[PDB]
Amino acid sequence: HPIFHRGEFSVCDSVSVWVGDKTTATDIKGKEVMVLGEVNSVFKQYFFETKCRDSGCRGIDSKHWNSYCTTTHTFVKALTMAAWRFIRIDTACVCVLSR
């Protein structure tokens, strides 16, 4: 999904990228932290990030609704400065409504 060959598409478009160069982050606490290049046997730290691409979300009933596309976040462990902590990684592009 979306099942393209069947004509499907997201309400909000996203872009996904692998992030190998991360140096600072906001942690789960809401505080800014330094993220290490490598963690221990030894690995580079990589994060899969997915952001809103781009108004309004596609396919919305504008007679009843305001809408916008926004980036939501998950929490992924990372070695940070040394502590093993949850950090905010962008993860989807979802559609939020009102009025």
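A residue's number is simply how far along the shown sequence it sits, counting from 1.
Q: Given the other compared entries that model the residues flanking it, would you say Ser67 is unmodelled in at least one third?
A: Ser67: modelled in all of the comparison entries.
Q: Does a third or more of the other compared entries skip modelling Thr50?
A: No.
Q: From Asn40 on to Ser41, does the model leave out none, 1 to 3, 4 to 9, or 10 or more residues of the deposited sequence?
A: The entry has a short gap there, with 1 to 3 residues left out between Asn40 and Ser41.
Q: From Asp54 on to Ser55, does the model leave out none, 1 to 3, 4 to 9, or 10 or more residues of the deposited sequence?
A: 4 to 9 residues lack coordinates between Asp54 and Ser55.
Q: Going by the mean C-alpha B-factor recorded in the entry, which is higher: 29 to 37 or 45 to 53?
A: Looking at the record's C-alpha B-factors, the answer is 29 to 37.
Q: Higher mean Cα B-factor in the deposited model: 85 to 93 or 15 to 23?
A: Averaging CA B-factors over each stretch, the winner is 15 to 23.
Q: For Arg58, return the chain-relative third of its C-alpha B-factor as stated in the PDB record: lowest, middle or highest.
A: Its C-alpha B-factor belongs to the middle third of this chain's values.
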